[PDB]
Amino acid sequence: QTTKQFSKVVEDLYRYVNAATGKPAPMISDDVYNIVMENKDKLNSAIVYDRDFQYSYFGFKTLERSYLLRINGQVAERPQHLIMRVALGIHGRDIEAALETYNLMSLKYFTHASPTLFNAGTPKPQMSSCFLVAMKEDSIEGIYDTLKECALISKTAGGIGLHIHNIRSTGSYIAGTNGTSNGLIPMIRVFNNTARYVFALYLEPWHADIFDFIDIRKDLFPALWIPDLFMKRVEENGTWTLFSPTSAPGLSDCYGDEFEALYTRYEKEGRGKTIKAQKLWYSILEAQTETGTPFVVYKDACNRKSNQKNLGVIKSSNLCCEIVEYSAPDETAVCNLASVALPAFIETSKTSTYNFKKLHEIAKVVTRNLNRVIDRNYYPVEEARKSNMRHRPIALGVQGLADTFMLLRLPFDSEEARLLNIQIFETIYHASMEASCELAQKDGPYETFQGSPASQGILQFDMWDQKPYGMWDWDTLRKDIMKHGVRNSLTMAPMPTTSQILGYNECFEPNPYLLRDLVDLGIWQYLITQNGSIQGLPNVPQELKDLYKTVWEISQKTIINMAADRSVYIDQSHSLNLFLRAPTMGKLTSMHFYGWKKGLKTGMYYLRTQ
C-alpha cells in the first residue's frame, strides 16, 4: 500500500501540490531533498525494511496515526523512511553519521522526541520539545509582547513553561489609572484563550494571588516554584507572608540565603499580608488531591545545583518538570530531547547481563545528535534561538527502566535494581559529558562556559556533595573538561516520553514479560477485574509477585529514594509522578517533605490518586 524506494517517497513528498488550491506544498526541505538525491543509491540500499516489524501493534498504530508523513490523507512514509528522514534532517551532509543514526534508531537503541520525528527534514524543522518563557514586564505592553511570543511559539510543536512571578497581584495600585489591578487570574485567562486559538504556569508561593493560582484546575497547568523557607515555615507551623511583586521587588531574583534575608526584611517592614504557613499548605494539598496539581519544584535545589547558575537565577521549569534552564525577557530556553532505550543493552551471558560499555557509546551518539539538532533547528522566535545558541543545553532521557528491571528479574524495590539504577545514570552522565567535551575540543565550549561550576571542576554529583559510584573514571573526564570545556551547559533531563512507539514502559516509573511467565507456568480474567495486579492471587509464585508489582503497590519512599540516587547524575531535573492509593493529607505531606529533604529539584509532577 506504500512505495518502497526511499528516494521515490522523498520525491513524492517534495513534489506534493495541494490540489484544492493549486499550491505547491513540499513536505521536505530543499536542503534534505538535495542531499537525498546526491546520495540516492547509498541511502536507498542502506535501509532494511524487515525492521518495520520491530514495532508492537500499539507502537506502529501510534506512528501511523501521527508521525508517518501523509499525501492527501494517505500515508506515504514507511517507518524506515521516517527514520532516515529524521537521520538526514539531523545530520545533513554527514552521511556516515546519518547512517549510524539510521541503524541505531532502526534497531531501537534510542529514539528522538516527537517534534523531531514530526518535523526533522521538513521545511520548518522545529525539532524541540518545549520552551521556557519569561514574562517580559509587569505592564500591558510586556504582557502583550509575551502573549505574541507565545502565539508564535504555539504555531510550532512544543509546550511552554511561563513564569509569572513579576506580575502585580489583585488590588495592587496602577499609577496610570489611579485604579487597582485584578491580578493574575484574568491575565491567565488571556493566555489560555490564545493557546486555544492557535501550557505550564510557574509561580512562587509568596505571590499574593497564590490561593487562586493553585485552584486553576478545580488547558493550563499551575506549578509551584517553592523556596526552602516556605517548607521550613510549614514544618515549624510558623507564619508566611504574601506580597505583590511591586511591594516586594526582587524575590524571584535571588534564592537560598539571599532570598531568606530579603524576604524576612520585607516581612519585618510590613510590606505584605501575613498568614499561617499551613493554611496555604492545606489548600495546596487539597488542590493536588482533587486535580493532580499544582506541580512542585524546589527553587533553591534547582538553582544551587545548576551548572547554569552563572547565567542568573532560574525562574521556572517546563510542563513535565524535567527541564531546569535559565530564561529571561530576551532569552527563551529550549528543550532538545532524545531518549535511550534501556532494555536494548541487556545481553545473554544462562544469566542476563547489562552492557554498560555499549550504553555509554549510544549515549555519546545521542549527545552528538542533540547538538546537531540545536544547530539545524527551526526557531519560532528570536529569544529561543539566542538562548539555545549561547548555552547549548540538551536533555538526554531514558525509557524502559521498568522493562529493564523485569527482563533482568529484578524487583523494582530490590537492592539489585537500586544499584543498576545508579550505574545506568552514572554511565549516561559520564558518556554525555565525555561526548560534549570532545565537541568542545573540536568546536569550542559554549559561550557562557567560563565561570560555570563545570569550568571549576564541579560536576553535578559534586553539588550533591557525593562521590560518584565510580564505574567510570571521573577524574580524567574532569581534568579534560577544566582544560577543554564542554559544548553543552547541561546534558540530562530524563523526561515523560515515543516510549509507546518503541514498545517499552513509559519512563522512568514502574505485560509481555508477565504473560510469557504465566505461559511458562501454564496458568495462561483476573487482571482485567483486579486491574493488572498479581498479588492476592493464589496460584502464582512469590518471585513473580515481587517482580510484577504495580506502581500503586510500590513504596513511594522507594520511588523517592531511587530518584534521589539517580539525581546526583542529573544536570536538570526529572519528572517524579507520585501515586497514592488511599490519599490522606498526612501521607501527602510526608511524601513532600521526604522528597524535599532528599534534596530533590522536582518534588512532584503529577499526583495520581485512587
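Under this definition, the rigid core comprises the largest set of C-alpha atoms superposing within 1.5 Å between the forms. Position 1 is the first residue in the sequence shown; the rest follow in order.
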Q: Compare 485-493 with 151-159 and report which one shows the larger root mean square C-alpha deviation from this form in 9 other deposited structures of this protein once the rigid core is superposed.
A: 151-159
Q: Could you tell me which of the two stretches, 108-116 or 526-534, has its Cα atoms lying farther from the shown structure in 9 other deposited structures of this protein after fitting on the rigid core?
A: 526-534
Q | Size class of the missing deposited segment between residue 510 and residue 511 | A | 10 or more
Q | Between residue 456 and residue 457 - deposited residues without coordinates, as a size class | A | none
Q. Per the PDB record, is the mean Cα temperature factor higher over 128-136 or over 465-473?
A. 465-473
Q. Mean C-alpha B-factor higher for 513-521, or for 256-264?
A. 513-521
Q: Check where residue 19 lands among this chain's C-alpha B-factors and tell me if it's the lowest, middle or highest third.
A: middle
Q: Taking the values exactly as deposited, rank residue 123 by C-alpha B-factor within its chain and report the matching third: lowest, middle or highest.
A: middle
Q: Pull the Cα B-factor of residue 272 out of the PDB entry and bin it into the chain's lowest, middle or highest third.
A: middle
Q) Once the chain's modelled residues are ordered by C-alpha B factor and cut into thirds, is residue 37 in the lowest, middle or highest one? A) highest
Q.
Based on the deposited C-alpha B factors for this chain, I'd like to know if residue 153 is in the lowest, middle or highest third.
A. lowest
